[PDB]
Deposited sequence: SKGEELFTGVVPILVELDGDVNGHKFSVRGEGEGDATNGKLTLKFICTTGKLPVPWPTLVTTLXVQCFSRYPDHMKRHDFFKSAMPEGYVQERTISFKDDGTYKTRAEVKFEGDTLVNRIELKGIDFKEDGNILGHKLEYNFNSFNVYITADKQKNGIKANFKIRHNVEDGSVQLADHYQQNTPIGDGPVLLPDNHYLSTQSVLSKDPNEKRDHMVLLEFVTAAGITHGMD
């Protein structure tokens, strides 16, 4: 790509999310930076409307897979960077087992030198005293493999995967993710062979921050392609 060239160094990131879950309206803003060469990013998120009405871990996947490290032998399979700078639309349905559903639409693109993720999230049918609206989820995350496939009649990619959030009573809350990404612009993109993204996330708190917030460190490497060396 020349989309690839845009990620050779450290890139500033801005994330803005506008949310509505059972009529609770909220906003989140995140800032930090990404380094695709090492598949690493660092971000701090603030709930700008006050107290966040859902648990922070439930928003992680919604809150820039263009910062994945693709190994050399797999560069031909990186849709996310090939869509830059014009970007891509990322849509999900996140279905919480025995509870509500989030639907998300985001545009991920450059605005000047900053990579921007701008999201709208709508959440419906949540149980007012279930694990989500009742804040019964632990503050932690885990590592996941996200399987990527080429959209079979169209010009983007797809992914489905399960996130498992720990609940405070020792159980797990499932969040089944269905994802589609499609380019904003018109010019050629890379359509990948089947592979996956090996993802790891660590959450923390800033001892000096008294707003409702999440600090996040993430490492993401692509894997699972046998051919393309030398």
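Unmodelled region of the deposited sequence, numbered from residue 1: 64 only.
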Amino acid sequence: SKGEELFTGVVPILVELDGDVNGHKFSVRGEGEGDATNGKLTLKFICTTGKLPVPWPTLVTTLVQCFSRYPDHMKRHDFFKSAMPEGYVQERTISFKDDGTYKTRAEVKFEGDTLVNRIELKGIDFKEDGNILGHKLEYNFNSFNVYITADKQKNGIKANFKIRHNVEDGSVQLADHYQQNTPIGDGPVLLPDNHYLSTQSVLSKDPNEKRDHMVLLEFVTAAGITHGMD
From here on, numbers count along this sequence of modelled residues.
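Comparing the deposited coordinates for 178-186 and 193-201, the stretch with the larger average C-alpha B-factor is 178-186. Taking the mean C-alpha B-factor of each stretch as recorded, 142-150 and 106-114 are not equal, and the higher mean is that of 106-114. Among the modelled residues of its chain, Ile225 has a C-alpha B-factor that falls in the middle third according to the deposited record.
When the modelled residues of the chain are ordered by their C-alpha B factor, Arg92 lands in the lowest third.
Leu137 sits in the lowest third of its chain by CA B factor, as recorded in the PDB entry.
In this PDB entry, the Cα temperature factor of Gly50 sits in the top third of its chain's modelled residues, the highest group. Annotation for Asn131: CA B-factor lies in the middle third of the chain's modelled residues.
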